[PDB]
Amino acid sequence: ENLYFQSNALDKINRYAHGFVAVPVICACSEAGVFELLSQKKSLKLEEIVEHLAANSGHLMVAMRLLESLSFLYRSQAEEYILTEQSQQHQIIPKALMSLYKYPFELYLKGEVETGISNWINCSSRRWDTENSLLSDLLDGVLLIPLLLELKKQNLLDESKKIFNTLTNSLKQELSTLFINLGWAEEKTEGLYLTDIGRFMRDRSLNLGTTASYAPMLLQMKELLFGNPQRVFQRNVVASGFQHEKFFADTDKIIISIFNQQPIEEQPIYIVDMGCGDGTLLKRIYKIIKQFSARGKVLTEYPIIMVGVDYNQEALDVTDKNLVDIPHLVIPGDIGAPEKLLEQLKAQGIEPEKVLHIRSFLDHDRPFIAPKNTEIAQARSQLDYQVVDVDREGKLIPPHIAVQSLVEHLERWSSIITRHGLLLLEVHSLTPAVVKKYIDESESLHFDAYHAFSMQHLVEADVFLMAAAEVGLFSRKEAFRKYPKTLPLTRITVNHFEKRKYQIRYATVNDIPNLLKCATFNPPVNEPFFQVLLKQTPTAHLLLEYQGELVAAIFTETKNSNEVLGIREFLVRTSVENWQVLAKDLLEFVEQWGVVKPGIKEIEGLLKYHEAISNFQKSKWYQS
């Protein structure tokens, strides 16, 4: 899809979805006095703004991260929010624009309400009286998402006969002016027709329905930020509405490769899908195995049994019927109760050693279970995670608590995973620093806000991989993929996790005594330098740990305005058996971790230190 359609169509729709979420957040903060407060106090931490405004810290934090990403707020290193030169743009947003989130567009297009949208069309033609091109697009999105969705639902952009000509003259004049102003239609000599851009708005699948369904919650943004969120939440795969489904083609390829492994008898027998839904992913994998893999030539001799697992009983039945001509079973289960799933499998003679676990876009939707390792959870408060996670009351869950929860969740899975591993797709959030640079290219701004508001559990891609590594789960380099492919940001990982005998975790001050005993490729580093290095970037330095032994550590730094990740130390404990393979594993992980680290465009040092350990032959290493 070419460059002209990228910037004049795709980017436009993405900005409209941005505005659809961002304009309600800005208005609710604007009306509550957030920018007035920050204009009086110069700078405030989240908990201070919460106190002054009696806010819900969780949802307000979502809002703060959105405002920072749009440059409406600056956030200092001490984590105080500060006004910016763009803050004052909140005054450009007409207060009454929020009424569109309850405007019956369906009745408007049928001529059944006299109150129309005529001044919002004129606002749009005046580009909302601002010179900020992006703001004009955020504001258009409030009108255009619901209107275009409704236009398409009533087939009013169909181009046989003419466009709009079945409407009343005033309705057809309003909409012709809007579509001409937008560049979506032009008056040719015989009539009015769509342009290439308007035809793109009509024909391409743009997730309009998904974005428009954010509306009932966005209507209640004031209640969510400053009132009672339990009033807001009163009374078959949404996440796979991205801009493509390349990741299922990747899953296809990974699957084929698993079931091309030789000899056949070492392949899995059961494919257990957590969150089976309507059996779609299972049916798709079974047909792929049949038509394209070696195993598909011998399904009579070596059966494959598809297993759908889901916590909703109705989903089991739709799955059980949709897989009627496929050897399958249907079992109730919950992600986050994998030990119960294993007890269930074993109660039907399914040996765990014969199982390949799969799931798509589900760990972020698990029921949150609070950390049970109280001590380990506390020790994690020294790290510096940016995770935003909201609880039943609208309060902010402390980032180390949210990550500890994730780690204990992956530890439960880690203990039932077998030699066949765990095929796992997941969606990930971004940091405000990165969303800032890629507002047009990435959906993060509205998606991360909407899903955090919804009390779901997104983390940054590198946090997710580190949480898996802490529990012995490693995304096989042969299968790994990240999207988007060509931007220094990661919204989707495609993973084939395997269980390994070691763990990789972040190094801490407590690791210094064993760091001091390591051989090292650069001049050895003393206690105080380790103290500084670790306190200033507590999530920059990784170690590989095996049965308690420090085997290796790598120290990194992020430079070139946060685009280049560089390696600055490599420590090995050469007394440890197989340290050379283990050190090379740690290095391979650092490469994957760097590929998904938000903002990182390239990595420096991977050839240098792989060579040093590859041909270690020369103890030109300090301390043996």
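The first residue of the sequence shown is number 1, and the count goes up from there.
Modelled in this chain, residue 162 is nonetheless unresolved in at least one third of the other entries of the protein that span it on both sides. Across the other entries compared, none leave residue 80 without coordinates where the residues on each side are present, so it is far from a third. Where coordinates are absent for parts of the deposited sequence, a chain break appears; between neighbours residue 235 and residue 236 it spans 10 or more residues.
Higher average CA B factor: 156-164, of the stretches 156-164 and 293-301. Taking the mean C-alpha B-factor of each stretch as recorded, 531-539 and 442-450 are not equal, and the higher mean is that of 531-539.
Across 592, 30, 57, 578, the entry's maximum B-factor at the CA atom is seen for 578.
Across 503, 130, 404, 251, the entry's maximum B-factor at the CA atom is seen for 130. Sort the chain's modelled residues by C-alpha temperature factor and residue 337 lands in the highest third, per the entry.
Ranked by C-alpha B-factor against the other modelled residues of its chain, residue 465 falls in the lowest third.
Sort the chain's modelled residues by C-alpha temperature factor and residue 490 lands in the lowest third, per the entry. Per the deposited record, the Cα B-factor of residue 13 falls in the lowest third when ranked against the other modelled residues of its chain.
Among all modelled residues in its chain, residue 429 ranks in the lowest third by Cα B-factor.
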